[PDB]
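Asks: First the structure, then my questions, so here it is.
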Amino acid sequence: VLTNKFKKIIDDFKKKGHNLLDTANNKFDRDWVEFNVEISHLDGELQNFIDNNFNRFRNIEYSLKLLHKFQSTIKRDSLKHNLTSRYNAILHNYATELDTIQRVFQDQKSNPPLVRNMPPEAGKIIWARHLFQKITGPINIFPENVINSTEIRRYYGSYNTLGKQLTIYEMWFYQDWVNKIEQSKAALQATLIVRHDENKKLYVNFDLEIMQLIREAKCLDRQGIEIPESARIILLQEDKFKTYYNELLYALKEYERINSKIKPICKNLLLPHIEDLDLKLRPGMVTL
Amino acid sequence: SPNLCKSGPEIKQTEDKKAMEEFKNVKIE
Amino acid sequence: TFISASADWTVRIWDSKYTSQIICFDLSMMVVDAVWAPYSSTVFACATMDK
């Protein structure tokens with residue numbers, strides 16, 4: 001339908017083109033009176049598509065993808081005029097997206113229902129970092145095309161304020177987080193983690209230490225944060241503790257199954273063997 | 001159910017549609 | 001033909017025969033589940049926030 005209009009123009013153009021030899025004026029001038037106005041109506045269609053540069057999408061950045069598609073058009077400094085009028089739609093829908101980002105940040109990480117294997121603090125700092133990165137794209141596309149009008153700078157002011165605030169809040173969470181583990185270990189977790197033993201069942205003593213240091217090393221490695229030597233090594237030791245507790249679990253369950261089969265009969269050849277199967281653990285071996 | 005199927009364009013014109021998507025790439029260029 | 005969708009809400013028609021994707025299409029909620037419809041139509045669907 002669009003090429004139909006263009007070809008109608010081309011056809012009446014080429015048919016009016018019978019006047020060149022005697023009248024370059026008549027031919028080309030009338031050809032232009034028709035073709036310029038009809039191709040400018042087709043430019044109004046291209047301008048419906050200049051609005052479509054956004055309308056193809058509900059997002060600024062995809063509108064910018066279409067702007068990047070428009071590269072053959074840069075020869076004419078008339079799209080740039082429509083580009084200049086549209087820079088405002090650019091900035092405004094950018095502002096809409098970041099106002100949504102603002103109401104997102106106002107509902108801090110603790111409010112949404114997160115389902116994963118990341119501690120609250122690592123999830124919080126990583127979600128703040130990801131929001132900062134999501135904001136950075138906009139605040140970087142902002143200048144160098146609309147700096148001239150500075151509306152973009154007016155909005156960059158608030159955006160940079162939000163960025164500094166996010167930096168400060170991340171810093172606060174890190175003050176709550178980074179040395180939290182150092183305090184925990186140096187006070188009650190690095191003072192000779194008591195190995196797991198048994199009186200009637202397996203008594204776990206530092207399951208909290210296990211889970212904590214696991215999550216610590218995992219999230220620090222995933223986010224690319226420096227892991228202290230103390231953290232890394234008490235982690236290796238917790239790996240040892242966990243493997244050994246699993247093995248001792250299996251062994252105790254073996255004794256349990258054997259007793260579950262012995263007691264239905266209560267034979268006085270295996271009951272004394274059961275008694276012989278008793279062992280004693282002194283305090284010296286609780287640090288093996 | 002009204003949005004079930006269109007039954008003419010989806011079926012055998014779909015390979016042509018993928019060729020048309022590649023055309024839209026040539027257009028992007 | 002395959003499809004790949006990013007955290008930046010972008011959907012991508014990876015034609016195995018190509019190194020440059022076909023239709024760099026683009027829409028909010030493209031992080032989340034996407035699917036090809038079990039119809040002859042190449043229907044796409046994204047879904048979050050009861051939407």
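Identifiers in this document derive from the order of the structure tokens: chains are assigned A, B, ..., residues are numbered from 1 separately in each chain, and ligands are numbered from 1 in order of occurrence.
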With chain C as the partner and 12 Å as the cut-off, tabulate the residues of chain A that qualify, each row holding the nearest pair of atoms and their distance in Å to one decimal, using only C-alpha atoms, sorted by chain and rising number, as CSV.
Replies:
residue,atom,partner,partner_atom,distance
A:54,CA,C:26,CA,11.8
A:56,CA,C:26,CA,9.4
A:57,CA,C:27,CA,7.1
A:58,CA,C:27,CA,7.2
A:59,CA,C:27,CA,7.4
A:60,CA,C:26,CA,10.7
A:61,CA,C:26,CA,9.1
A:62,CA,C:26,CA,6.5
A:63,CA,C:26,CA,9.7
A:64,CA,C:26,CA,11.3
A:65,CA,C:24,CA,9.1
A:66,CA,C:24,CA,10.5
A:69,CA,C:24,CA,11.3
A:97,CA,C:28,CA,10.9
A:130,CA,C:7,CA,10.1
A:131,CA,C:8,CA,11.4
A:133,CA,C:8,CA,10.6
A:134,CA,C:8,CA,8.2
A:135,CA,C:8,CA,11.6
A:137,CA,C:8,CA,10.5
Asks: Put those residues in a file: N, CA and C atoms, as a PDB file, in the first residue's frame.
Replies:
ATOM      1  N   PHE A  54       9.322   5.232  18.382  1.00  0.00           N
ATOM      2  CA  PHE A  54       8.909   4.774  19.701  1.00  0.00           C
ATOM      3  C   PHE A  54       7.759   3.777  19.646  1.00  0.00           C
ATOM      4  N   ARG A  56       6.746   1.450  17.909  1.00  0.00           N
ATOM      5  CA  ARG A  56       7.074   0.048  17.682  1.00  0.00           C
ATOM      6  C   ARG A  56       7.329  -0.666  18.996  1.00  0.00           C
ATOM      7  N   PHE A  57       7.542   0.097  20.057  1.00  0.00           N
ATOM      8  CA  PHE A  57       7.974  -0.416  21.339  1.00  0.00           C
ATOM      9  C   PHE A  57       7.287   0.374  22.443  1.00  0.00           C
ATOM     10  N   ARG A  58       7.283  -0.195  23.638  1.00  0.00           N
ATOM     11  CA  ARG A  58       6.929   0.571  24.817  1.00  0.00           C
ATOM     12  C   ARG A  58       8.161   1.011  25.587  1.00  0.00           C
ATOM     13  N   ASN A  59       9.350   0.823  25.017  1.00  0.00           N
ATOM     14  CA  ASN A  59      10.590   1.185  25.683  1.00  0.00           C
ATOM     15  C   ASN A  59      11.430   2.135  24.837  1.00  0.00           C
ATOM     16  N   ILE A  60      11.933   3.158  25.520  1.00  0.00           N
ATOM     17  CA  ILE A  60      12.898   4.118  24.999  1.00  0.00           C
ATOM     18  C   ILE A  60      14.059   3.438  24.289  1.00  0.00           C
ATOM     19  N   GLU A  61      14.662   2.431  24.919  1.00  0.00           N
ATOM     20  CA  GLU A  61      15.906   1.885  24.382  1.00  0.00           C
ATOM     21  C   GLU A  61      15.656   1.104  23.102  1.00  0.00           C
ATOM     22  N   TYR A  62      14.459   0.551  22.947  1.00  0.00           N
ATOM     23  CA  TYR A  62      14.126  -0.097  21.686  1.00  0.00           C
ATOM     24  C   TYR A  62      13.750   0.933  20.634  1.00  0.00           C
ATOM     25  N   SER A  63      13.114   2.024  21.060  1.00  0.00           N
ATOM     26  CA  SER A  63      12.970   3.173  20.178  1.00  0.00           C
ATOM     27  C   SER A  63      14.330   3.660  19.700  1.00  0.00           C
ATOM     28  N   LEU A  64      15.333   3.569  20.570  1.00  0.00           N
ATOM     29  CA  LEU A  64      16.698   3.932  20.219  1.00  0.00           C
ATOM     30  C   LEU A  64      17.316   2.900  19.288  1.00  0.00           C
ATOM     31  N   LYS A  65      16.926   1.634  19.434  1.00  0.00           N
ATOM     32  CA  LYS A  65      17.296   0.629  18.442  1.00  0.00           C
ATOM     33  C   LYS A  65      16.769   1.006  17.064  1.00  0.00           C
ATOM     34  N   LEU A  66      15.520   1.466  16.992  1.00  0.00           N
ATOM     35  CA  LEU A  66      14.978   1.908  15.707  1.00  0.00           C
ATOM     36  C   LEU A  66      15.671   3.177  15.208  1.00  0.00           C
ATOM     37  N   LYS A  69      18.558   1.933  13.633  1.00  0.00           N
ATOM     38  CA  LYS A  69      18.170   1.418  12.323  1.00  0.00           C
ATOM     39  C   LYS A  69      18.161   2.528  11.287  1.00  0.00           C
ATOM     40  N   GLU A  97      10.435   5.368  32.972  1.00  0.00           N
ATOM     41  CA  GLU A  97      11.066   4.122  33.387  1.00  0.00           C
ATOM     42  C   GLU A  97      11.847   4.302  34.682  1.00  0.00           C
ATOM     43  N   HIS A 130      22.366  -4.282  40.506  1.00  0.00           N
ATOM     44  CA  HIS A 130      21.686  -4.496  39.236  1.00  0.00           C
ATOM     45  C   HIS A 130      20.759  -3.334  38.910  1.00  0.00           C
ATOM     46  N   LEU A 131      20.112  -2.755  39.925  1.00  0.00           N
ATOM     47  CA  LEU A 131      19.335  -1.544  39.692  1.00  0.00           C
ATOM     48  C   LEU A 131      20.233  -0.387  39.279  1.00  0.00           C
ATOM     49  N   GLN A 133      23.046  -0.658  37.651  1.00  0.00           N
ATOM     50  CA  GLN A 133      23.434  -0.916  36.269  1.00  0.00           C
ATOM     51  C   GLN A 133      22.278  -0.652  35.310  1.00  0.00           C
ATOM     52  N   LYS A 134      21.051  -0.977  35.727  1.00  0.00           N
ATOM     53  CA  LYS A 134      19.879  -0.693  34.906  1.00  0.00           C
ATOM     54  C   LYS A 134      19.664   0.806  34.760  1.00  0.00           C
ATOM     55  N   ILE A 135      20.036   1.574  35.784  1.00  0.00           N
ATOM     56  CA  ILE A 135      19.932   3.026  35.714  1.00  0.00           C
ATOM     57  C   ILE A 135      21.062   3.605  34.875  1.00  0.00           C
ATOM     58  N   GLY A 137      22.655   2.632  32.137  1.00  0.00           N
ATOM     59  CA  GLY A 137      22.393   2.662  30.717  1.00  0.00           C
ATOM     60  C   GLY A 137      21.676   3.926  30.286  1.00  0.00           C
TER      61      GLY A 137
END
Asks: Identify all chain C residues at most 12 Å from chain B by counting only C-alpha atoms; ligands do not count. Present them as a ChimeraX atom specification.
Replies: /C:1-2,12-15,17-18,20-25,37-43
Asks: Would you mind telling me which residue in A:89, A:68, A:179, A:50 lies nearest to chain B when using only C-alpha atoms?
Replies: A:68
Asks: Using atom CA of residue A:240 and atom CA of residue A:198 as the two end points, give the distance in Å to one decimal.
Replies: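 Spanning atom CA of residue A:240 to atom CA of residue A:198 is a straight-line distance of 17.9 Å.
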Asks: Can you tell me which residues surround residue A:14 at a distance of at most 12 Å, considering only C-alpha atoms, apart from same-chain residues fewer than 3 positions away, and format the answer as a ChimeraX atom specification?
Replies: /A:7-11,17-20,27-28,30-32,34-35
Asks: Please dump the current selection as a PDB file, in the first residue's frame; keep N, CA and C atoms.
Replies:
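Written out: result11.pdb:
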ATOM      1  N   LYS A   7       4.502   4.438  -6.215  1.00  0.00           N
ATOM      2  CA  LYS A   7       4.564   4.089  -7.626  1.00  0.00           C
ATOM      3  C   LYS A   7       3.539   4.865  -8.436  1.00  0.00           C
ATOM      4  N   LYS A   8       2.397   5.206  -7.837  1.00  0.00           N
ATOM      5  CA  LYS A   8       1.500   6.156  -8.484  1.00  0.00           C
ATOM      6  C   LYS A   8       2.219   7.469  -8.745  1.00  0.00           C
ATOM      7  N   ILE A   9       2.970   7.943  -7.746  1.00  0.00           N
ATOM      8  CA  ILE A   9       3.760   9.158  -7.928  1.00  0.00           C
ATOM      9  C   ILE A   9       4.780   8.965  -9.043  1.00  0.00           C
ATOM     10  N   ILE A  10       5.495   7.842  -9.021  1.00  0.00           N
ATOM     11  CA  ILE A  10       6.519   7.593 -10.030  1.00  0.00           C
ATOM     12  C   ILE A  10       5.899   7.508 -11.421  1.00  0.00           C
ATOM     13  N   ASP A  11       4.675   6.989 -11.514  1.00  0.00           N
ATOM     14  CA  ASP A  11       4.058   6.767 -12.814  1.00  0.00           C
ATOM     15  C   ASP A  11       3.525   8.062 -13.407  1.00  0.00           C
ATOM     16  N   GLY A  17       6.781  13.332 -17.649  1.00  0.00           N
ATOM     17  CA  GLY A  17       8.126  13.491 -18.170  1.00  0.00           C
ATOM     18  C   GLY A  17       8.249  13.555 -19.680  1.00  0.00           C
ATOM     19  N   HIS A  18       7.144  13.744 -20.405  1.00  0.00           N
ATOM     20  CA  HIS A  18       7.189  13.842 -21.858  1.00  0.00           C
ATOM     21  C   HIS A  18       7.568  15.231 -22.356  1.00  0.00           C
ATOM     22  N   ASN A  19       7.840  16.179 -21.461  1.00  0.00           N
ATOM     23  CA  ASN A  19       8.016  17.573 -21.841  1.00  0.00           C
ATOM     24  C   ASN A  19       9.459  18.048 -21.750  1.00  0.00           C
ATOM     25  N   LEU A  20      10.413  17.151 -21.493  1.00  0.00           N
ATOM     26  CA  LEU A  20      11.796  17.578 -21.293  1.00  0.00           C
ATOM     27  C   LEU A  20      12.358  18.265 -22.530  1.00  0.00           C
ATOM     28  N   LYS A  27       8.578  20.105 -17.766  1.00  0.00           N
ATOM     29  CA  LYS A  27       8.742  18.726 -17.319  1.00  0.00           C
ATOM     30  C   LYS A  27       9.182  18.666 -15.864  1.00  0.00           C
ATOM     31  N   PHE A  28      10.394  19.144 -15.565  1.00  0.00           N
ATOM     32  CA  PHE A  28      10.933  18.941 -14.227  1.00  0.00           C
ATOM     33  C   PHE A  28      10.152  19.722 -13.183  1.00  0.00           C
ATOM     34  N   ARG A  30       6.889  20.790 -13.132  1.00  0.00           N
ATOM     35  CA  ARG A  30       5.618  20.141 -12.820  1.00  0.00           C
ATOM     36  C   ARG A  30       5.839  18.783 -12.167  1.00  0.00           C
ATOM     37  N   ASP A  31       6.823  18.027 -12.665  1.00  0.00           N
ATOM     38  CA  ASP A  31       7.220  16.780 -12.030  1.00  0.00           C
ATOM     39  C   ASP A  31       7.517  16.995 -10.558  1.00  0.00           C
ATOM     40  N   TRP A  32       8.123  18.130 -10.220  1.00  0.00           N
ATOM     41  CA  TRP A  32       8.459  18.410  -8.830  1.00  0.00           C
ATOM     42  C   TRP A  32       7.235  18.873  -8.051  1.00  0.00           C
ATOM     43  N   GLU A  34       4.408  17.879  -8.374  1.00  0.00           N
ATOM     44  CA  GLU A  34       3.723  16.656  -7.976  1.00  0.00           C
ATOM     45  C   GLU A  34       4.563  15.799  -7.030  1.00  0.00           C
ATOM     46  N   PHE A  35       5.800  15.494  -7.424  1.00  0.00           N
ATOM     47  CA  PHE A  35       6.602  14.498  -6.729  1.00  0.00           C
ATOM     48  C   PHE A  35       7.052  14.985  -5.365  1.00  0.00           C
TER      49      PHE A  35
END
Asks: I'd like to know which residues of stretch 36-189 of chain A are helix (DSSP H, G or I) (by DSSP, run on the backbone); could you write them as a ChimeraX atom specification?
Replies: /A:36-55,60-69,72-75,79-106,120-141,151-189
Asks: Please, what distance in Å, to one decimal, runs between atom CA of residue A:190 and atom CA of residue A:210?
Replies: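 Spanning atom CA of residue A:190 to atom CA of residue A:210 is a straight-line distance of 11.7 Å.
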